[PDB]
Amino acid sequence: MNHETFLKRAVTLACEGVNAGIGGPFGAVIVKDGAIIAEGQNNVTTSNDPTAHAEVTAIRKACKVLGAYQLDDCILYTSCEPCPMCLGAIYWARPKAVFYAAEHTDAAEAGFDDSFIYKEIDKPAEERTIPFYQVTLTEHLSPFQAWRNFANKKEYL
């Protein structure tokens, strides 16, 4: 019905997700034309997938349902403010809007601080917790060349 009810459904999902031991306190919902096209819950541990956050799980499901890779005319509801990873996913997916209940400071007080990642994505590379090394390969442009060449390429941007 209204944004509250859907967002309410997302928080309910997070709770059921916890009590059922499938994952962390995160839930998400994606709707299109007033229909809940997907429901996601954080299931990182229970499915050995560090990228399995509520929003990422809902996106994957939502796209599978639409047999598409873009979430046009869709709205994403998360029980809490998206993580940087989950944010990049939002922008690659392209929903027209996103709503969230709990803030990231709330997640931090709970033991789920994603701040260290905002700090790192802001740094260069060589200056990072996890060291990033850029190796010089004479053929580093090869895959872009193979792409310019491939005719039947389905552009996804």
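Residue numbers run from 1 along the displayed sequence.
For the segment pair 12 to 20 and 130 to 138, the entry gives 130 to 138 the higher mean B-factor, averaged over Cα atoms. Stretches 3 to 11 and 146 to 154 differ in mean C-alpha B factor, with the higher average recorded for 146 to 154.
Residues shown: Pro124, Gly67, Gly27, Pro95. Highest C-alpha temperature factor in the entry: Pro124. As recorded in the PDB entry, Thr105 shows the highest C-alpha B-factor of the residues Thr51, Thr105, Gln41, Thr45. The PDB entry assigns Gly111 a C-alpha temperature factor belonging to the highest third of its chain's modelled residues.
Remark: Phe99 belongs to the lowest third of its chain, ranked by C-alpha B-factor as recorded.
Per the PDB record, residue ranking by Cα B-factor puts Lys32 in the middle third of the chain.
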